[PDB]
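Student: coords please:
(chains A, B and C, ligands or ions: 1)
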Amino acid sequence: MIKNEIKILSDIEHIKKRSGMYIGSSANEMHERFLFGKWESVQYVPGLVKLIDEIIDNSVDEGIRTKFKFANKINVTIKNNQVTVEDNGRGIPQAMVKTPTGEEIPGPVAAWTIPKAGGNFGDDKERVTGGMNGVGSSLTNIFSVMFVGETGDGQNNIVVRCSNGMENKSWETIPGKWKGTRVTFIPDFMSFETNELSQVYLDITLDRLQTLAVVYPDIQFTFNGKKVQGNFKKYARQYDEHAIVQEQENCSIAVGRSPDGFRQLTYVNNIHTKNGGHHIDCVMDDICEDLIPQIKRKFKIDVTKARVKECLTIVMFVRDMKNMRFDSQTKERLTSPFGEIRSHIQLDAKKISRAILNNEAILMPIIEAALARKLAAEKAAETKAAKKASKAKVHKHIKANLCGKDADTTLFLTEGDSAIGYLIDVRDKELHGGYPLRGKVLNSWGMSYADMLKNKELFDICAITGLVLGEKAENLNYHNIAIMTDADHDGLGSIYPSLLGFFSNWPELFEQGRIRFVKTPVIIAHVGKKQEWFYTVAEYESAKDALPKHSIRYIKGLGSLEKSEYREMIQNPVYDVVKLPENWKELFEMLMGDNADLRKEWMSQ
DNA sequence: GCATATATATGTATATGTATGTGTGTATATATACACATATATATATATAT
DNA sequence: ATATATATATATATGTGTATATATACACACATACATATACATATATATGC
Ligand SMILES: Nc1ncnc2c1ncn2[C@@H]1O[C@H](COP(=O)(O)OP(=O)(O)NP(=O)(O)O)[C@@H](O)[C@H]1O
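Tutor: Numbering: from 1, shown residues only, chains lettered A, B, ... in the order given. Okay, here it is:
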């Protein structure tokens, strides 16, 4: 039975038991992130990046609260699983703050050990800093095995040292003359689904310092002792080199191209709100409210707001926001009221609209892609037909009238158009269907399905019958198959084995016994008062000797014959039943194929 | 303040394994686009008319 | 105020000519190349080592 008891925890146990509430994701996961202007797939833990960004945003907010005179250099050094963030701010105060429990705890140690403490619990409408909750650097202290905070206000140095996952904590005061904050912490890896800080975390932190230096050029961010220059122009051309830019006193927006989905990046003050907010929705609404009637008058096309928006990458920057509200601790969605953001943001949407209208490299690709979609929609027009003949029929394909239904209908394969003009009278109208072919027949051994349906004639054979290249022959329009390749040696040794090797792609036609070859004489000789027939030349080469005086006729083809002998060979045929044996595959490989040393040893016998 | 050492990054040069030949004609068939004129035909454009 | 009578230049088409082209199998046993990558040497340099 499920136990039902109530545990009332402290702040520390509620944080450590419910970690995913307070650091975001505590699991290694994949995302698609803009790194250095590139939409690259990353795989990382957002919790440790969030822990770095808490101290980073604390140092930046120390920058804003002194109006960028202090905390104007921020050193974020990440090496050997150790983050050292040092700024030259005025200092976390040494003055006496009081707990509600009655314990008298000094300033930086109450800021850095217990949560729900900080200097952002005052008025919200004048607070322009990215911090609200008062739990952040204490959350950095909680998920770190080692955490030292060295604070100088100019008169004293307060060292707050915590260890064993803040279970050991001690504050100490030295007389000194430094003025700034140094947070040096080594993260805990027992709760996170990682063990070390890899290069993707340092790349995310360096790209964040680059974006913050773009937003705040006065604060000199350094990573591992290397300076970072932030300009909106080079950052905007890192995304797309044709991005239209527009900078304001608080906003800075760049519009580019998104060919493989939708891309975005937005910053409210110093916060990376990667999941959005009301601000990007209001800015795209104000942009599309000018652009959509403009593209309607320009190119007369009905393209929606989302279809315009999804091809754009928008890199917009919001500075000095007031009363910022966020739906989570990680602050990834600005859920301030739309009147507040609409009053604060003074972005000129019509200038961006005319600037992307006058550009031919962003809007005109949306126009040509949309008319490509509409032309592909217009080209797909089909209807029905009254008793379609042999499904996809052919110009030279005569058809049996009971073909396709339940019957024993036979399809005819010849190579001559002269050898079918006699057929339509001498055949049955219901069971006999004739079709010639152009020239000889492709060597089709071991080669791809696409390269065999590139032939008009081979997909045409597939279109007459029920033959599909990748599956079995079950429902066939002509039940039987009767092939008449030409009677000469080129007509039996080049087109006929290539044809039956093509029919070897479905090795059940031979098994059903329906493969019939119709014999055709190549020598017809008048001897006595009668005509003797010879299917092969070697039949005559055996039987030339023991015959009397005669008048020969070599038979070039069935078109060289007359309608009477045509009627004889159709209405009384000779059906060679070609049966596939066991090892047909190696025999076809040694005949129809690239290697011919097999043909070398095979001719030699 | 200076030895130094080795590490890895990029020339580089070769040696792999393929990939495309086309060879060079024989052989098999098929397709193409024009000029020469009357004879229908057809199909749809205009008039009108109440 | 549009239905229809009707007229007229569109579409083969005949045969004669006069000329093009094109997909394939054949096979060596190389020919030229297509990249190509790849492993390894060495340079410098810089940051450690002293
Ligand atoms: N590295 C730092 N630089 C400047 N101020 C800091 C730093 N670390 C802590 N603080 C301050 O110490 C107090 C502790 O609050 P903290 O726990 O960091 O929450 P926060 O800043 O409100 N962030 P959050 O809880 O996520 O909204 C705040 O007044 C911070 O501004």
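
Student: what about the helices in the stretch 1-150 of chain A?
Tutor: Taking DSSP state H, counting those that start in this stretch as the criterion, the stretch 1-150 of chain A carries its helices at A:11-17, A:19-22, A:46-65, A:107-112, A:136-142.

Student: and the next helix or strand past the lengthiest helix in chain A?
Tutor: In chain A, assigned by DSSP state H, the helix with the most residues is helix A:278-299. Downstream of helix A:278-299, the next assigned helix or strand under DSSP states H and E is helix A:305-309.

Student: which positions within that following helix qualify as buried?
Tutor: A:308, A:309 (16 or more other C-beta atoms under 10 Å). To be clear about C-beta, it is placed using only N, CA and C from the backbone, and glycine gets the same treatment.

Student: what's the answer for stretch A:127-140, then?
Tutor: Using 16+ other C-beta under 10 Å as the test for burial, stretch A:127-140 gives A:127, A:129, A:130, A:131, A:132, A:134, A:135, A:136, A:137, A:138, A:139, A:140.

Student: how close does the nearest residue to residue A:256 once chain neighbours are set aside get to DNA strand B?
Tutor: The spatial neighbour of residue A:256 that comes closest, neighbours along the chain excluded (C-beta to C-beta, 6 or more residues apart in numbering), is residue A:240 at 3.1 Å. Remark: distance between residue A:240 and DNA strand B (C-beta to the nearest atom of the strand, to the nearest Å) = 27 Å.

Student: just residue A:115 next, same as before
Tutor: According to C-beta to the nearest atom of the strand, residue A:115 stands 43 Å off from DNA strand B.

Student: isn't that residue right up against residue A:141?
Tutor: No. Judged on C-beta atoms under 8 Å, residue A:115 makes no contact with residue A:141 at a distance of 9.1 Å.

Student: neighbour count for these two, which is higher?
Tutor: Higher neighbour count among residue A:115 and residue A:141: residue A:141, with 24 against 20, using other C-beta atoms under 10 Å.

Student: helix/strand/coil for whichever residue of chain A sits closest to DNA strand B?
Tutor: Residue nearest to DNA strand B within chain A (C-beta to the nearest atom of the strand): residue A:439, separated by 3.9 Å. What DSSP: H, G, I helix; E, B strand; the rest coil gives for residue A:439 is coil.

Student: mind listing what it touches?
Tutor: Contact analysis of residue A:439 by C-beta atoms under 8 Å, 6 or more residues apart in numbering lists residue A:415.

Student: for it, phi and psi?
Tutor: Backbone torsions for residue A:439, taken as degrees, to the nearest 10, come to phi 80, psi -140.

Student: how near is it to the ligand?
Tutor: According to C-beta to the nearest ligand atom, to the nearest Å, residue A:439 stands 78 Å off from the ligand.

Student: try residue A:222
Tutor: As judged by C-beta to the nearest ligand atom, residue A:222 and the ligand stand 15 Å apart.

Student: just checking, what packs against the longest helix of chain A?
Tutor: Applying 3 or more C-beta pairs under 8 Å, 6 or more residues apart in numbering; DSSP states H and E, we find helix A:278-299 packed against strand A:263-268, helix A:305-309, strand A:313-318, helix A:338-344, helix A:349-358, helix A:363-379.

Student: single out the most deeply packed of those.
Tutor: strand A:313-318 (a mean of 24; mean count of other C-beta atoms under 10 Å).

Student: contact residues of chain A facing the ligand?
Tutor: A:54-55, A:58-59, A:61-62, A:85, A:89, A:92, A:111, A:117-120, A:131-138, A:181, A:183 (C-beta under 6 Å from any ligand atom).

Student: what's near enough to touch the residue most central in space within chain A?
Tutor: Central residue of chain A (C-alpha atoms, centre = their mean): residue A:260, 7.4 Å from the mean position. Applying C-beta under 8 Å, 6+ apart, we find residue A:260 in contact with residue A:39.

Student: what sits up against stretch A:518-528?
Tutor: So stretch A:518-528 is contacted by A:482-484, A:486-488, A:531-537, A:539-540, A:547-555, A:558, A:561, A:565, A:569, A:573-576 (C-beta under 8 Å, 6+ apart).

Student: for residue A:153, which non-adjacent residue is spatially closest?
Tutor: Once flanking residues are discounted, residue A:153 sits nearest to residue A:91: 3.5 Å by C-beta to C-beta, 6+ apart.

Student: what about that neighbour, neighbour count?
Tutor: Neighbour count for residue A:91, taken as other C-beta under 10 Å: 22.

Student: isn't it up against residue A:179?
Tutor: Yes. Applying C-beta under 8 Å, one finds residue A:91 in contact with residue A:179, separated by 5.9 Å.

Student: just the buried members of the contacts of stretch A:518-528?
Tutor: With burial judged by 16+ other C-beta under 10 Å, the buried subset of the contacts of stretch A:518-528 is A:482-484, A:486-488, A:533-536, A:540, A:555, A:558, A:561, A:565, A:569, A:573.

Student: return the subset of the residues you listed lying in strands.
Tutor: When the buried ones among the contacts of stretch A:518-528 are checked against strands (DSSP state E), the matches are A:482, A:483, A:533, A:534.

Student: let me know the closest of the residues you listed to DNA strand C.
Tutor: Nearest to DNA strand C among these, counting by C-beta to the nearest atom of the strand, is residue A:483 at 17.4 Å.

Student: apart from its neighbours in sequence, what residue is nearest that closest one?
Tutor: Among residues not flanking residue A:483 along the chain, residue A:413 sits closest, at 4.4 Å (C-beta to C-beta, 6+ apart).

Student: who's in contact with that neighbour?
Tutor: A:435, A:437, A:481, A:482, A:483, A:484, A:485, A:499.

Student: recalculate using a threshold of 7 Å.
Tutor: Neighbour list for residue A:413: A:435, A:437, A:483, A:484 [criterion: C-beta atoms under 7 Å, 6 or more residues apart in numbering].
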